[PDB]
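Just the one chain here, laid out as structure tokens, in the form deposited in one PDB entry.
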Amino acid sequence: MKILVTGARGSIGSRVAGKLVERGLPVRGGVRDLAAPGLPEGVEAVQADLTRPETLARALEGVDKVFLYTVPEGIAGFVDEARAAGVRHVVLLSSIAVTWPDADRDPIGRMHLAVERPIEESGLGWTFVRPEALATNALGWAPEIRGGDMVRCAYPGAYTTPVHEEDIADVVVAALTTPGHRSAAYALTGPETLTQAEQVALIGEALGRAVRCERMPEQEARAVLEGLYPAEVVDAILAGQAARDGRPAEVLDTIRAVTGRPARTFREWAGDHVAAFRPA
């Protein structure tokens, strides 16, 4: 039976799809548009747009297992189609934000809870993968780092525990291909809690040049962030960073527990993505 990897041209989805193909498994790669490049080799491309759950009926034909991204507006329709198709297991890319005390008020927590809860109620087998900060969030600093030796952050001293996308993909693949993960919810962190300034410096080390981090005033940071996210999400981002300012975040050994391999370091991530931070 086939595995449908939704978002198979995405950072995580593409790596999930590639790793399943390396394992000889029949993989369908979900895309919004069949005509666009970037799908990994060996994947059967199918239209699977999670915002328009009617595309799933064809995409889910002969499918036993699904890798799902969080798209709350179509989850009811996904659940109905997965059930109709006889899907046995859904692995969801969620967020560690659902594990926090204020999850059901936090916009990010709420968004992910809005998909987890209906899956929990559906009768479908599931695994939730709940990462903390994505190491790929550092790619937002590329313009600054390509152009100079300084990055400006609202909270240079805020800690996160950034997690490499390959580790997320490895946990997903483990959950799709081995027993024992049914109703498991895996909170993933990288192997070290690091401040924003520390992360910026580690990118410097990958580049072979020193890169510095200076603080942006909150009014200016809020102005930049309100161009990128809804208001309530900007509030949650800054409130979250304030809470972690000079306060080391939790490091979990979940990646090693699931895969048998220690989590990839942010230093390794920066080496892996070093070309993104060099000038053109």
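Numbering starts at 1 and follows the sequence shown.
Although it is not shown, the form solved in complex with a small molecule is what the next lines describe.
Contact with the small molecule in the deposited complex, defined as any heavy atom within 4.5 Å, is confined among 253 to 261, 7 to 15, 20 to 28, 267 to 275 to 7 to 15. Three-residue candidate spot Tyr69, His112 and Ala133; every residue lies within 4.5 angstroms of the small molecule in the deposited complex by at least one non-hydrogen atom. Contact check for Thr127: no non-hydrogen atom falls within 4.5 Å of the small molecule in the deposited complex. For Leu93, a non-hydrogen atom is located within 4.5 Å of the small molecule in the deposited complex, even though that partner is not displayed.
A residue is said to contact a partner when one of its heavy atoms sits within 4.5 Å of a partner heavy atom; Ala59 fails this definition for the small molecule in the deposited complex, lying far away.
Shown alone here, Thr177 lies farther than 4.5 Å from the small molecule in the deposited complex, counting heavy atoms only. Only one of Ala221, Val63, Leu50, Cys213 lies close to the small molecule in the deposited complex, with a heavy atom inside 4.5 Å, and it is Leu50.
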